[PDB]
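Letters A, B, ... mirror the listed sequences (proteins, then strands); counts begin at 1. For the numbers below, each heavy atom of this structure counts, side chains included, while hydrogens, waters and symmetry mates do not.
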Amino acid sequence: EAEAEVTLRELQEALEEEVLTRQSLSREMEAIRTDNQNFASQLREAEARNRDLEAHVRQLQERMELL
Amino acid sequence: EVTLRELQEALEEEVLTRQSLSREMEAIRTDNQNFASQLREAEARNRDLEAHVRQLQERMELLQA
Amino acid sequence: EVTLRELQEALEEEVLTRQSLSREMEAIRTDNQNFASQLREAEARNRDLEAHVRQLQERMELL
């Protein structure tokens with residue numbers, strides 16, 4: 001060998017470990033992006049459900065006055 | 001055996017991939033702040049609607065009475 | 001020109017940066033969980049209110 005060759009090969013191994021660790025981070029952030037896409041849809045749906053209920057309550061308020 | 005330049009290239013490509021992740025994380029934080037605000041808006045519109053429904057229940061009690 | 005020394009240092013710097021990113025991800029994973037719990041609570045309150053509205057509608061129709 002040679003001390004320089006050793007250091008080079010150990011550097012490659014350290015880099016490979018870092019890649020594996022970053023790869024796990026990549027999967028974690030991907031779950032985060034899916035969760036976020038879902039939040040966006042859930043909020044939209046909740047917003048529509050409340051507008052539906054608001055409309056129904058307006059109708060009842062109007063019906064209440066009439067009666 | 002890996003060479004200096006091959007290691008250098010592999011490191012630069014790892015740095016690029018991670019830099020892409022770092023940029024994505026900016027879009028995530030953006031979204032999170034916006035979603036928090038949207039949730040507070042929804043919470044308030046529901047609290048408002050609760051109060052109207054409570055008032056309707058009270059009006060109905062008065063009319064029944 | 002590129003030395004083994006410069007590459008070792010460049011990897012250490014990249015490790016530091018990537019570790020800081022991992023912390024941020026950790027903080028957001030926790031955050032997103034607390035958020036989803038708040039969102040489900042809001043969904044539950046709206047479902048409860050829907051039930052109360054139905055009962056009002058039905059009482060109103062009795063008179």
Side-chain angles (χ1 to χ4, degrees), chain A residues 6-51, chain B residues 2-48, chain C residues 1-47:
Chain A
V6 173
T7 48
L8 190 57
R9 176 51 182 154
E10 290 178 352
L11 226 208
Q12 178 181 218
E13 290 162 29
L15 172 60
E16 286 171 348
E17 296 185 306
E18 175 57 20
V19 164
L20 287 173
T21 297
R22 203 269 307 140
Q23 286 186 339
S24 181
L25 176 65
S26 288
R27 292 171 204 114
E28 289 171 40
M29 176 258 2
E30 167 180 12
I32 297 182
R33 83 178 149 256
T34 304
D35 285 7
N36 277 6
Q37 301 275 185
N38 292 338
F39 295 147
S41 284
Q42 295 158 41
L43 289 170
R44 274 190 289 275
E45 184 115 338
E47 283 159 3
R49 201 148 161 174
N50 165 269
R51 299 184 188 93
Chain B
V2 66
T3 68
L4 276 166
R5 183 178 175 92
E6 291 169 339
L7 189 50
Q8 194 185 21
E9 293 178 14
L11 175 52
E12 292 184 4
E13 305 254 300
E14 174 53 19
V15 172
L16 281 187
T17 293
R18 189 279 306 147
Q19 282 179 334
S20 188
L21 227 42
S22 298
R23 177 73 52 85
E24 289 199 69
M25 165 74 78
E26 289 154 32
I28 293 163
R29 299 172 216 138
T30 294
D31 284 353
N32 292 347
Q33 190 185 315
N34 288 339
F35 288 158
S37 296
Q38 266 181 87
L39 181 57
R40 285 196 297 273
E41 201 28 68
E43 292 167 338
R45 287 215 164 248
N46 177 262
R47 183 163 188 271
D48 197 50
Chain C
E1 70 201 325
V2 173
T3 56
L4 212 49
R5 166 78 262 187
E6 298 165 20
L7 294 177
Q8 277 174 305
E9 295 175 349
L11 178 58
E12 290 161 7
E13 189 44 69
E14 171 59 26
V15 171
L16 282 174
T17 303
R18 196 271 313 142
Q19 285 176 336
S20 183
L21 202 54
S22 297
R23 293 181 199 110
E24 284 185 56
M25 168 282 303
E26 279 196 295
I28 290 160
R29 189 174 66 187
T30 294
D31 290 351
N32 272 9
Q33 284 316 119
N34 288 328
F35 185 79
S37 303
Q38 289 168 355
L39 179 46
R40 288 188 299 265
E41 202 26 65
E43 287 168 329
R45 285 197 87 139
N46 172 260
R47 193 164 180 262

Trainee: How many angstroms lie between atom CG of A/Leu8 and atom CD of A/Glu13, to the nearest 0.5 angstrom?
Mentor: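 Output value for this atom pair is 10.5 Å.
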
Trainee: Can A/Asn36 and C/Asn32 be counted as having a side-chain donor-acceptor contact under 3.5 angstrom?
Mentor: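 C/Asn32 and A/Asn36 do have a side-chain donor-acceptor pair below 3.5 Å.
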
Trainee: Will you find, in the side chains of A/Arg49 and C/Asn46, an N or O donor that is under 3.5 Å from an N or O acceptor?
Mentor: yes

Trainee: What's the spacing between C/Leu39 CG and A/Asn38 CG if we round to 0.5 Å?
Mentor: 10.5 Å

Trainee: Given side chains that start at C-beta, do those of A/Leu20 and A/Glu16 come closer than 4.5 Å, heavy atoms only?
Mentor: no

Trainee: Less than 4.5 Å apart, any side-chain heavy atom of B/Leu11 and any of B/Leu7?
Mentor: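 Answer no - side chains too far apart.
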
Trainee: Distance check, rounded to the nearest 0.5 Å: B/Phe35 atom CZ versus B/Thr30 atom OG1?
Mentor: 10.5 Å

Trainee: Do B/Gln38 and B/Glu41 have side chains that approach each other closer than 4.5 Å (heavy atoms only, starting at C-beta)?
Mentor: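 The answer is no; the side chains never approach within 4.5 Å.
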
Trainee: With rounding to the nearest 0.5 Å, note down the distance linking CE in B/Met25 to OG in B/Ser20.
Mentor: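 B/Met25 atom CE to B/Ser20 atom OG measures 12.0 Å (nearest 0.5 Å).
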
Trainee: Find the distance between CG (C/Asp31) and CD1 (A/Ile32) and round it off to the nearest 0.5 Å.
Mentor: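 It comes to 9.0 Å.
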
Trainee: Could you measure the distance from the CG atom of B/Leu21 to the CG atom of A/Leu25? Nearest 0.5 Å is fine.
Mentor: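 B/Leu21 CG to A/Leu25 CG: 5.0 Å, rounded to 0.5 Å.
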
Trainee: So that I can tick it off, tell me whether A/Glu30 and A/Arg27 are bridged by a salt bridge, with the cut-off set at under 4.0 angstrom between side-chain N and carboxylate O.
Mentor: no

Trainee: Any luck finding a side-chain donor-acceptor pair between C/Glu13 and C/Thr17 under 3.5 Å?
Mentor: yes

Trainee: Does any part of the side chain of A/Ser41, heavy atoms only, come nearer than 4.5 Å to the side chain of A/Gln37, both counted from C-beta?
Mentor: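 In short, these two side chains do not touch, never coming nearer than 4.5 Å.
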
Trainee: One pair to check against side-chain contact (heavy atoms from CB on, under 4.5 Å): A/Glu47 and A/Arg51. What are the steps and the verdict?
Mentor: CA-CA 6 Å; A/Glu47 283 159 3; A/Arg51 299 184 188 93; 3.9 Å; yes

Trainee: Can you confirm whether C/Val2 sits close enough to B/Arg5 that some side-chain heavy atom of one is under 4.5 Å from a side-chain heavy atom of the other?
Mentor: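 Answer no - side chains too far apart.
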
Trainee: Is it true that C/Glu24 and B/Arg29 make a salt bridge, defined as a side-chain N closer than 4.0 Å to a carboxylate O?
Mentor: yes

